[PDB]
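Take a look at the structure tokens below, where one protein chain is shown in two forms, each on its own, as structure 1 and structure 2.
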Structure 1
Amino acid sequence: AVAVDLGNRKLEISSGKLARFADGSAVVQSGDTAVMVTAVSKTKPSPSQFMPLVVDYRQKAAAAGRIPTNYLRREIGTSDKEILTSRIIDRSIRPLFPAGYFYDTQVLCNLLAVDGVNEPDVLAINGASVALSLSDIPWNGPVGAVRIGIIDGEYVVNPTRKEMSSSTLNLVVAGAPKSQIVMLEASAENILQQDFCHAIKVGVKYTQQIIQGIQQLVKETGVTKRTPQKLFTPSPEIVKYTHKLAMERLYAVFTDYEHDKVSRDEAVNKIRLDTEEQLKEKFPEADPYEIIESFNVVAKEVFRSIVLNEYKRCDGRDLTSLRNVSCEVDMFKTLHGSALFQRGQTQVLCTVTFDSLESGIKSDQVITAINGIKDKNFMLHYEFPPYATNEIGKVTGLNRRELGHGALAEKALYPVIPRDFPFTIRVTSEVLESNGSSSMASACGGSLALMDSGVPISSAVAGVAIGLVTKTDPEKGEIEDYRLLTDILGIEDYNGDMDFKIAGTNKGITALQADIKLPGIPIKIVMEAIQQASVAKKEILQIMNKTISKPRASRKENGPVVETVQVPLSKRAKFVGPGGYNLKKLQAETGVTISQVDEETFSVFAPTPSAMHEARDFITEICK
């Protein structure tokens, strides 16, 4: 057992007591909150051509005393919060796995106890790091993770639930050894850039303390890593022969500025088909996947070398240039608000729907699956249909990626949403075409549609993604040179080192999500990416302001209405019906929502004026 002191917080790490059959296991306790995390990794190579890594974080509300809420008295499905926490843990540990580790791996988090004071999600990230550190699973150095808040202008490490509710910042930092950053995930109440930057360095300092404690625990209990059957990386001489075959053709494709997404992919694919058959002849004994990956390595190396050497991008832009941005509002007459935001070849359609306040309380008690209530009655739903990439896929349910992107754009817009709006605000963002940051375009399109709908948001919100291309030492691994790219394409994210999504107002930052693919990047690079994104965000907000700069003076004429209808006591039974049958039927066939307010009063919400015309007729005849 090891105790780590983080200011006034205490972190207790232990292992060797519970779940001793798993490859790795750890208990991380803070206060009276304890989280057990286990890691399992198969020894037989996975048939998949990548590393299959799954992280599952289960709330298990028996640890809080509030699990059995439905008719089965048992959880059904996984909530939004569980999915989001699973993604944060996944982003914190995925970069540190060695390349070619194609082995099925599962990290599971079990909430032994929660005291309602210390949040278990941060403990779970540290638990995953300890469990992997103590296991025989090949995994690079320990990761420390903290949450940083700002309460009354003071930086607080791992704030309690009470403090998180008074905090203008919710930043989660995962650090690797030598003060590298592997994961950043923030939502802020439109705070200044300098304040945001200081919280990052305070957070990274704390993660080094956790890493020191985990290293002591690893040393105390001897850890011997397994030797995998093999690491699936292409042979060096095969890769360099691929370079001989396809360097010039790939270079020509990547310096052709007339390509669009599809034509560039087809041109690269044309070289791949010719090269691959030549590789098979030269190395008939090579793995078929080894042939495929060697081309991908060469294509990635050529692609990055052009950006590093010539400071020019595959579409002709320089490092700080945006794609073409086109906006337009008032798509359709019946929508409460709408907008179509285009950023390069990325097209996003955003819709705003006003709903009743009563429709925003879908939680554990009301339904088996949904849980929670949004603070401001505001939610964003994000969809990524298969045709946005000319692909075929299942359309039942939502991917974990769709949930994460929706959450990112939701908290990007959340700080500017007004308080005490009469209706529930639902924003739907649909990606019609995608070649880049559709989640950041969902934030820009979201604000346009919100202003078009007449919601008085405090300020317009724009987001952008910053890429990164580095040249590291082949032995030391230190970063010798790097380029930050503004508003990256899909190929620049695929071949890049991070996907640094940040959104905000012209005067502050509201959301950030750094998806780093390297095993950590220095804090200086993160600081510069934030500054570069600040310049890009101003340009985008200037374009958006031309389309619409202030919210419309009122909601659309065909918008929802809320007003009350008086029914007599003698007519209460007739109007309501047996067990509320009449109300539930009128509300089911007209779309309105009737809620009893007093003994005599019923508040009626109608999505359209026509809907209340239908409902008003029914209430009149029923009252007769």
Structure 2
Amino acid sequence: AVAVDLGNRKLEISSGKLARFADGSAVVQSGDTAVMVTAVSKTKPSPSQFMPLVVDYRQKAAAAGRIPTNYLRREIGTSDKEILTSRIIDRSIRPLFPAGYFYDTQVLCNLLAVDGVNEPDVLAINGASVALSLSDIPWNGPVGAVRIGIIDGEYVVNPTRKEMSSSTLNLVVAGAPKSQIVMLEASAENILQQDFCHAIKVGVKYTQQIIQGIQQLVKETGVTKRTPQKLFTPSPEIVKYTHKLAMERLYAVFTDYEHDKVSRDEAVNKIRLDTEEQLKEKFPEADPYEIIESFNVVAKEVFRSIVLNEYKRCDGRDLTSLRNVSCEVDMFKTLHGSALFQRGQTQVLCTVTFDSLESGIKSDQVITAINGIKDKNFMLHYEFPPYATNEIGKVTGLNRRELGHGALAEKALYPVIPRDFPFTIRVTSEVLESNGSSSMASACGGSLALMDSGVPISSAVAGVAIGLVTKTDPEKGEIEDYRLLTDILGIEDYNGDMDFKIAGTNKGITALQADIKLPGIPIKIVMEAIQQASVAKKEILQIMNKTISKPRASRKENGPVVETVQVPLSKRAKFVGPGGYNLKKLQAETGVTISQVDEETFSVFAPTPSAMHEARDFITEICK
């Protein structure tokens, strides 16, 4: 039992009592909230040629969570917040795993107790760190996670639920030893850049104390690490031979500025098919995947050497230039709001739909209605159809990537959404084409569609992704020099080190999500990435303002309307019907929903004036 003091907060780490059969287990307690995290890793390599790591953060009970009704419903039973927490934990621990660790690994978080004051999500990230640190699973260095908020101008570490409701910043920092950053996930209320960057510095300082406490527990326990039967990394001899074969061909392809996404990928694949043939004859004993990964290592190295040495990218841009940006509005008459945002080869269609407040946050069943509430009656639904990348995939159910991307785009637009709007605002973003940051494209497209729809937002929101390419000597592991790329392509995210998504208005930062593929990056690099994104964001907002700069004076005339119709008491029985049968039937044939607000008056919501005409006829004929 090791206690770590974080200002006025107390963190307690324990192990050896619960779940002794798991490879690693830990209990993290703050106040009266305890989280038990377990780590299991199979010793037999997985058939899949990557690192299979699954994080499942499960809430035992909100009030009384009980159980989903049936088995297939139970598969749906995973809530949105549990999915988001699992992705944060996964992003915090994935970079620290060794290369070639192709072994099935599962990290499970079980909420032993929740006091309703201390948040269990932060404790779950630390619990994952302690469980892996104490386990025999090879995992490079412990990590510490804290939350930073700003309450009346003061920075608070791990704020309570009450403080978070009055905070202008919701930043979660995961830090590696010697003051590195592994995960950044923020949601700010359009706060200044200087205020934002100071909170990152404060958060990193706290995570070092947690790492110190975890290191003390690890030493006192006497942790021994397993030796995996094989680490799946290409041998240096095969890799340097692949470099000799395809250095010039890949260099010419990556310096060809006439390529598009498909043309470039086909050109690289054409070189690959030639290289794999020659590689197999030279090394017949090599594993079939070892041939594949050797080309990927060589191609990635050549791709990064061009930007490092020449400061020019594969499409002829320099380190700070954006791709072509085009915007459109009100492309379809019937939609309440519409926009088509294009950025390079990334194309996103955004639609705004208004609906009644009751039919937007209120569900029939109270038990499932919890956690489905929206503060401003605002939600964003993000779709990534398989045809966006010319692929075939199932379209049943939202996966975790679409869920996280929708939450990130909703976080960016949330601060500018006005309060007390008469209707629930639902923004739907569909990625028609994907060659880069579709989620930040959904923030810009969603901003345009909101202004077109006529909802009076405070300011336009633009997002951008910042890449990173570093040169690190293996003998030291430190970063010598690096480049920051603005508005990265898909290949730059794939062959880079960080996909630093950052969104906000021209005068502040609204959301941030840094996905670092390196085992930590210095504090200095993150600040420069934020500043570099500030310049790019202002340029994007200039292009957006040309298409539309202010919200329309009013909503479209074919939009929803909210009004009241008087129903007398003597007529209440026939109008509503037995058990609300008549009202339920009307809401089915026509989209009009009728809600009772007074013993004599009923509020009728009509999604369209034409939909009003069918409903108004329905009430009049029943009225007789």
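Each form is matched to the other, and the largest set of C-alpha atoms that superpose within 1.5 Å is called the rigid core. Numbers follow structure 1, counted from its first residue as 1.
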- Task: State which of the options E430, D121, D136, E75 undergoes a Cα shift of 2 Å or more between structures 1 and 2, taking the core as fixed.
- Result: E75
- Align on the rigid core first; then say whether the Cα of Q215 has moved by at least 2 Å between structures 1 and 2. no
- Rigid core superposed: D90 CA moves 2 Å or more between structures 1 and 2: no
- Task: Superpose the two forms on their rigid core, then report whether the C-alpha of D364 is displaced by 2 angstroms or more between structures 1 and 2.
- Result: yes
- With both forms put on the same core, how far apart in Å are the CA positions of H613 between structures 1 and 2? 1.0
- Rigid core superposed, the C-alpha shift at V604 between structures 1 and 2 in Å: 0.4
